[PDB]
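>>> what's the 3D shape of this:
(4 chains, ligands or ions: 2)
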Amino acid sequence: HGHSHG
Amino acid sequence: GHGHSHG
Amino acid sequence: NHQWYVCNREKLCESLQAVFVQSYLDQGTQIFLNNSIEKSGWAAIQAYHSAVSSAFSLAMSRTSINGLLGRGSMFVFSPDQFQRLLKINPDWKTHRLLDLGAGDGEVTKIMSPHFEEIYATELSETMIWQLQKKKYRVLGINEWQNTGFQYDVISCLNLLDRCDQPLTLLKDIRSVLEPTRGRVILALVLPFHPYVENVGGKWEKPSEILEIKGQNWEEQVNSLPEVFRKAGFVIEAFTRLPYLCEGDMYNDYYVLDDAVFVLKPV
Amino acid sequence: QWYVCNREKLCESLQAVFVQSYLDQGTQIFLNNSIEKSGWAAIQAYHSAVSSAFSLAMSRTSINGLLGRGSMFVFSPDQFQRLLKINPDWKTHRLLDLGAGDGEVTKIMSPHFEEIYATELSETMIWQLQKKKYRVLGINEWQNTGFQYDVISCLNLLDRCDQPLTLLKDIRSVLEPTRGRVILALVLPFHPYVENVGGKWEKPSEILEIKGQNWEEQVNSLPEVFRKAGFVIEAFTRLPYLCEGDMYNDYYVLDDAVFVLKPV
Ligand SMILES: Nc1ncnc2c1ncn2[C@@H]1O[C@H](CSCC[C@H](N)C(=O)O)[C@@H](O)[C@H]1O
Ligand SMILES: Nc1ncnc2c1ncn2[C@@H]1O[C@H](CSCC[C@H](N)C(=O)O)[C@@H](O)[C@H]1O
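Numbers count the residues shown, from 1 in each chain, chains lettered A, B, ... in the order given. Ligands and ions are numbered 1, 2, ... in the order given. Below you will find the coordinate block:
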């Protein structure tokens, strides 16, 4: 779902 | 109930 | 049916009486109405649209919600109505088109067959996605005047009452319009009640106000040649068209009173 | 771990402006809040469901602000008051936060300004910024407001915009020249791209000459880069670019190098 910076 | 897309 | 298209021609400016085109509820308009009535019976999706909009109304603009779902496609004219207003034949074609504030491009698709390159602008992030899906070229709001090119046709379809700088947009159109043969397609919802859409059902008054003084549909159109003359435009042809949109769980289609104008630079 | 570096590897002039940070209270509060948020499995499922369905029609950033999820952390209030070297009650007139995200990073700097200004490409981040009472300006409107900004924050934006070097000279022009300061975060190793809709991306239209084979070298390449736009590093530190986590991981970390730039 990832880090919110790419 | 649901707007006219323009408004 | 009829009240969407007729105007009191005696209440019109006698210069507009000459250039008034009478449009009718044609086959292309009923292709839209039947589909909107169809998509209103899709209660499975009509509750899905109603679910997403109720969820994200505070976090996005109503237009951006309609863009994300691809719902609420609107209608102005049919290709026949469009050809009859521009005084062009079906197979007519030219180079450049620019649709200012194109939305989900469902009205641009009506005009798109007549052009080799289609440019368009939008403020909504989801609407720009719906435009790039149609392979249109999305330009910034202050780039289309400064790329250098002139568009053979520039369409401002009901963007005047929804943008912050309407008269500036009129000026910007006159500068980058192909002067020899370029036409301008303008739509405008009357009664003219402008605002600038913000996020969460809020709004803000436009920085500029247009001199649209009129009381009936014909009277508001009477004062428009002055406004277009201020931007270097005269009215070549105009008509009354129903500004439609796809309905919902409670209604099959939503109608507004559009005054559409074909302009040429003076 | 996140806060240390080989002080020998730095340039001799950077050795004199570095500031040491530590895993302090505020960072723990964020970390402990994030671990709590991830513990709520119902939210994560709802978040990981909405983002999945609309990922094609919006950006990863816009979906986060749409949900108010994925908030990030750079510096704590004390960490910010030690890099800028200001007292807990310090206050000036205007702040400008470029690419402010959802504003949970701007909200740390907010107690020091009467006016906060922010720019954002994402339409839902603008809504999140206005939800914090910030005057959201256009990406080409802030340089022409007719007034200067006492602190212009550009946090983790150079590696995310199309014309970063243009943005630097832009900040230099509108920064209050006498006492204004620029705070600038940057993810190292410097890997820039412009975010697009549908998980896509594009290479920036301006290349920054930030090179290195580790954190200490990429930092050493930045003084000359700031010298181009008319800046000199007054202070800088190493910090974690912390971000709220998903069901898989309680939080996410990226290596940030924050700089306080006085105009030269
Ligand atoms: N300043 C601006 N520049 C470009 N697009 C704008 C704009 N201001 C508003 N818009 C967009 O223009 C749209 C106006 S509604 C009109 C949409 C379309 N032209 C039609 O006739 O159906 C909105 O969706 C809004 O997102
Ligand atoms: N050209 C541009 N102008 C303004 N903001 C931009 C931009 N390009 C990218 N951004 C923004 O920069 C952000 C990078 S993520 C950084 C978020 C925030 N500054 C923080 O440090 O926590 C994204 O949210 C994106 O919306």
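>>> show me where the stretch 151-266 of chain C has strands.
For the stretch 151-266 of chain C, the strands defined by DSSP state E, counting those that start in this stretch cover C:153-157, C:183-189, C:196-197, C:203-204, C:233-246, C:253-265.
>>> paired strands for the third one, with orientation please.
Pointing back at strand C:196-197 there. According to DSSP bridges, strand C:196-197 has the following sheet partners: strand C:203-204 (antiparallel).
>>> cool, and the first one?
With DSSP bridges as the test, strand C:153-157 is paired with strand C:94-100 (parallel), strand C:183-189 (parallel).
>>> residues from the stretch 151-266 of chain C in reach of chain D?
Within the stretch 151-266 of chain C, the positions near chain D by CB under 8 Å from any CB of the partner chain are C:199-200. C-betas here are computed from N, CA, C, even on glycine.
>>> likewise for the stretch 1-150 of chain C?
Neighbours of chain D within the stretch 1-150 of chain C, by CB under 8 Å from any CB: C:56, C:58-61, C:64, C:67-68, C:124-126, C:128-129, C:132, C:142.
>>> list just the nearest of the residues you listed to ligand 2.
residue C:125 (10.6 Å; CB to the nearest ligand atom).
>>> just give the nearest non-adjacent residue to the closest one, would you?
residue D:123 (4.5 Å; CB to CB, 6 or more residues apart in numbering or on different chains).
>>> might one say that the one you found is in contact with residue C:61?
Yes: counting by CB atoms under 8 Å, residue D:123 touches residue C:61, with 7.4 Å between them.
>>> same drill for these two, tell me which one is more crowded.
Shown here are residue D:123 and residue C:61; by other CB atoms under 10 Å in any protein chain shown, residue C:61 has more neighbours (26 against 22).
>>> so which residues on the stretch 151-266 of chain C come close to ligand 1?
C:157-159, C:162-163, C:187 (CB under 6 Å from any ligand atom).
>>> repeat that with 8 Å
Within reach of ligand 1 by CB under 8 Å from any ligand atom, the stretch 151-266 of chain C has these residues: C:155-159, C:162-165, C:169, C:187, C:196-197, C:243.
>>> just name the closest of those to residue B:4, please.
Set against residue B:4, the nearest of these by CB to CB is residue C:243 (8.2 Å).
>>> contacting residues for that closest one?
Counting by CB atoms under 8 Å, 6 or more residues apart in numbering or on different chains, residue C:243 touches B:6, C:74-76, C:158, C:187, C:189, C:255-258.
>>> and the residue of the stretch 151-266 of chain C that's closest to ligand 1?
residue C:157 (3.5 Å).
>>> how close does that residue sit to residue C:250?
In this view, residue C:157 and residue C:250 are 26 Å apart by CB to CB, to the nearest Å.
>>> and the residue of chain C positioned farthest from its centre, what element?
Largest separation from the mean C-alpha position in chain C: residue C:44, at 29.6 Å (CA atoms, centre = their mean). Using DSSP states H and E, residue C:44 maps to helix C:43-56.
>>> for residue B:2, find the nearest of the strands paired with strand C:153-157.
strand C:183-189 (18.1 Å).
>>> quick one: that closest one to chain centroid distance?
Computed by CA atoms, centre = their mean, to the nearest Å, the chain-centroid distance of strand C:183-189 equals 7 Å.
>>> ok, stretch C:91-100 next?
That offset, for stretch C:91-100, works out to 15 Å (CA atoms, centre = their mean).
>>> and that stretch, does that touch ligand 1?
Yes: under the criterion of CB under 8 Å from any ligand atom, ligand 1 is reached by stretch C:91-100 at C:99-100.
>>> output that stretch as PDB, restricted to C-alpha atoms.
Extracted C-alpha coordinates of stretch C:91-100, given in PDB (Å, rounded to 0.1, in the frame of the first residue of the first chain):
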ATOM      1  CA  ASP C  91     -17.500  15.600 -43.700                       C
ATOM      2  CA  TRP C  92     -16.200  19.100 -43.100                       C
ATOM      3  CA  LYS C  93     -12.800  19.200 -41.300                       C
ATOM      4  CA  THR C  94     -10.000  21.500 -40.300                       C
ATOM      5  CA  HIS C  95      -6.800  21.500 -38.200                       C
ATOM      6  CA  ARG C  96      -7.100  22.800 -34.700                       C
ATOM      7  CA  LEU C  97      -9.800  22.700 -32.000                       C
ATOM      8  CA  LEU C  98      -9.700  24.000 -28.400                       C
ATOM      9  CA  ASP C  99     -12.400  23.200 -25.900                       C
ATOM     10  CA  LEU C 100     -12.000  25.500 -22.900                       C
END
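>>> run through who's touching it.
Here stretch C:91-100 makes contact (CB under 8 Å, 6+ apart) with C:83, C:86, C:105, C:107-108, C:111-121, C:136, C:144, C:149-157, C:159, C:169, C:173, C:178, C:181.
>>> that older thread, skip ahead from the helix holding residue C:44 and say which helix or strand is next.
Defined by DSSP H and E, the subsequent element after helix C:43-56 is helix C:62-69.
>>> please enumerate the helices of the stretch 1-150 of chain C.
Here the stretch 1-150 of chain C has its helices, by DSSP state H, counting those that start in this stretch, at C:27-41, C:43-56, C:62-69, C:79-86, C:108-111, C:125-133.
>>> for the last one, packing partners?
The one in question is helix C:125-133. helix C:62-69, strand C:137-138 (3 or more CB pairs under 8 Å, 6 or more residues apart in numbering or on different chains; DSSP states H and E).
>>> kindly reformat the strands paired with strand C:153-157 as CSV containing distance to residue B:2.
CSV is the format used below for the strands paired with strand C:153-157 (distance: least, CB to CB, whole Å):
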stretch, distance to residue B:2
strand C:94-100, 25
strand C:183-189, 18
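>>> contacts only, for residue C:257.
By CB under 8 Å, 6+ apart, the neighbours of residue C:257 are C:4, C:189-191, C:217, C:240, C:242-243.
>>> nearest to residue B:2, of those residues?
Out of the contacts of residue C:257, the member with the shortest distance to residue B:2 (by CB to CB) is residue C:243, at 16.1 Å.
>>> quick check: bridge partners of that closest one?
residue C:256.
>>> how close does it sit to chain A?
According to CB to the nearest CB, to the nearest Å, residue C:243 stands 40 Å off from chain A.
>>> what do you get for residue C:51?
Relative to chain A, residue C:51 is positioned 22 Å away (CB to the nearest CB).
>>> tell me how far residue C:2 lies from residue C:220.
Using CB to CB, one gets 20 Å for the distance from residue C:2 to residue C:220.
>>> how far away is the most centrally placed residue in chain C from chain B?
The centre of chain C sits closest to residue C:157, judged by CA atoms, centre = their mean, with a distance of 2.1 Å. To chain B, residue C:157 is 10 Å away according to CB to the nearest CB.
>>> which residues does that residue contact?
Neighbour list for residue C:157: C:76, C:99-102, C:107, C:185-187, C:260 [criterion: CB under 8 Å, 6+ apart].
>>> tabulate those residues in a markdown table, adding columns for distance to residue B:1.
Below are these laid out as a markdown table (distance: CB to CB, whole Å):
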| residue | distance to residue B:1 |
| --- | --- |
| C:76 | 23 |
| C:99 | 29 |
| C:100 | 30 |
| C:101 | 25 |
| C:102 | 26 |
| C:107 | 24 |
| C:185 | 32 |
| C:186 | 31 |
| C:187 | 25 |
| C:260 | 28 |
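>>> tell me which of these is nearest to chain D?
Relative to chain D, the closest of these is residue C:101; by CB to the nearest CB it sits at 15.2 Å.
>>> now for the closest one: which residues touch it?
So residue C:101 contacts C:121-123, C:156-159, C:162-163 (CB under 8 Å, 6+ apart).
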